[PDB]
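Notes for the structure review
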Amino acid sequence: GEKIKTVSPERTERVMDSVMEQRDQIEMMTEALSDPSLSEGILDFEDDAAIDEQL
Amino acid sequence: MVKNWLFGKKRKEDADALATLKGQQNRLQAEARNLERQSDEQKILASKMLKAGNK
Amino acid sequence: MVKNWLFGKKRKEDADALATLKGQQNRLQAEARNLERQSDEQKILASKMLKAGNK
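How each quantity is defined
- Residues numbered from 1 in each chain as written, not as in the entry; some residues may be left out.
- Chains lettered and ligands numbered in written order.
- Part of a larger assembly, values for the part shown.
- Heavy atoms only, no water.
- Residues with missing side-chain atoms left out of burial classes, pairs and counts.
- Helix = DSSP H or I, 4+ residues; strand = E, 2+ residues; numbered from the N terminus.
- Rg over C-alpha atoms; globule rule 2.2 N^0.38 Å.
- Salt bridge = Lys/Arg side-chain N within 4 Å of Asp/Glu carboxyl O.
- Contact = heavy atoms within 4.5 Å.
- Axes fitted to C-alpha atoms, helices over the stretch in contact; angles between N-to-C directions.
- Parallel < 35°, antiparallel > 145°, perpendicular 65-115°, else oblique.
- Nonpolar A, V, L, I, M, F, W, Y, C, P; charged D, E, K, R; others polar.
- Expected span 1.5 Å × (residues − 1).

To continue, consider the overall build of chain B. The helix and strand inventory of chain B stands at 1 helix and 0 strands. In terms of overall dimensions, chain B is more spread out than a globule: its C-alpha atoms have a radius of gyration of 24 Å, far above the 10 Å expected for 55 residues. Dimensions of chain B, computed from C-alpha atoms along their principal axes, come out at roughly 80 × 15 × 5 Å.

On to the overall build of chain A, then. Along the backbone of chain A there are 4 helices and 0 strands. Whereas a compact globule of 55 residues would reach a radius of gyration of roughly 10 Å, chain A reaches 24 Å, over 25% beyond that. Principal-axis analysis of the C-alpha atoms places the extent of chain A at approximately 75 × 20 × 10 Å.

Note on pairing: side chains with opposite charge can pair once their charged atoms come close. Note that B:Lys9 and A:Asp17 form a salt bridge whose closest N and O atoms lie 1.8 Å from each other. On the criterion of chain membership, the pair formed by B:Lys9 in helix α1 (residues 5-52) and A:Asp17 in helix α2 (residues 9-33) is interchain, its members lying in two chains. Between C:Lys9 and C:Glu13 there is a salt bridge whose closest N-O contact spans 3.8 Å. Here the residue C:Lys9 and the residue C:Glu13 both occupy positions in helix α1 (residues 5-52), the gap between them amounting to 4 residues, near one helical turn. Residues joined by salt bridges that share partners form a network here, namely A:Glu13, A:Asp17, B:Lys9, B:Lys10 and B:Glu13.

What follows is about the arrangement of the chains. Between all 2 pairs of chains that are in contact, chains A and B come out with the most contacts. Here chain B and chain C are not in contact; the least distance found between their C-alpha atoms is 14 Å.

With that out of the way, let us pick up the packing of α2(A) against α1(B). Viewed as axis vectors pointing N to C, α2(A) and α1(B) meet at an angle of 140°, and their least axial separation amounts to 7 Å. Taken as axis vectors, α2(A) and α1(B) run oblique relative to one another. Here A:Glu13, A:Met16, A:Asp17, A:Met20, A:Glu21, A:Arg23, A:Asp24 and A:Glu27 of α2(A) come into contact with α1(B), specifically with B:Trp5, B:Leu6, B:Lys9, B:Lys10 and B:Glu13. When the residues that make up the contact of α2(A) with α1(B) are grouped by side-chain class, the tally is 4 nonpolar, no polar and 9 charged.

So, about α1(C). Between its first and last C-alpha, α1(C) extends 71 Å over 48 residues, near the 70 Å set by a 1.5 Å rise per residue. Immediately beyond the C-terminal end of α1(C), within one or two residues, lies C:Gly53, with a positive phi of roughly 95°.

Don't take any of this as a statement about function, it's just geometry.
Structural data, given as structure tokens:
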């Protein structure tokens, strides 16, 4: 009873909610910095036909 | 494809709360139906007591 | 062929915001339709209560 008073289930659910919220925030930050449309897609031009011709 | 961890967690919690409330409501509706049946039986009995000569 | 990187980025952000607003609006229209249906059912029930002799 003393141990359960120290760490209740409410505190456990609060801790896990904080874990999930911080996971969401870290995923947002990591997705912001790794978007290929920033760098990888330099030329969006329709040379798919042209690179087909080069192949 | 961003995962909303906290959103899904709270969605599961709200779904469980709604399931609990719906189950208790269904139990109460069944109890109401049974009470209506008992009332009808009591009215039939009252009619028979009236006919038999027992006010 | 100049790429407008910031322009395209903000275009994607505004498109996502418009998609979110349109989705929530569609949800609200569906809820409105359901509430109208429920109101019609309640009016039918009121008419039956009037006919049956239960004011």
